[PDB]
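Engineer: Structure below; questions to follow.
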């Protein structure tokens, strides 16, 4: 391999208003994670994440910010 070997990673977004899937190509999982976290935040989705190295898939589940209701 003379050239950088890139892998395709997937992101599943389970958000309040953003939903779906996207992909990115990166040299490693760490790079893909950084790209995905940046994308999610830029799009107003912040939450809890999972990653499966077997499927090269990250999932973000958005955490809702609610106010009290007495």
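Residue numbers (this note's numbering): 2 to 71.
All C-beta atoms, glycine included, are put in the ideal place defined by N, C-alpha and C.
1. My guess is that residue 49 and residue 14 are in contact by the Cβ rule of under 8 Å, so how many angstroms apart are they, rounded?
2. Helix, strand or coil for residue 34 per DSSP?
3. So the candidates are 41, 71, 51 and 52; which of them puts its Cα closest to the Cα of residue 17?
4. Alpha carbon to alpha carbon, how far is residue 44 from residue 30?
5. Given this structure, state the Cα-to-Cα distance separating residue 71 from residue 64, to the nearest angstrom.
Structural biologist: Quick look at the numbers:
1. Not confirmed; about 12 Å, so no contact.
2. helix
3. 41
4. 21 Å
5. 21 Å
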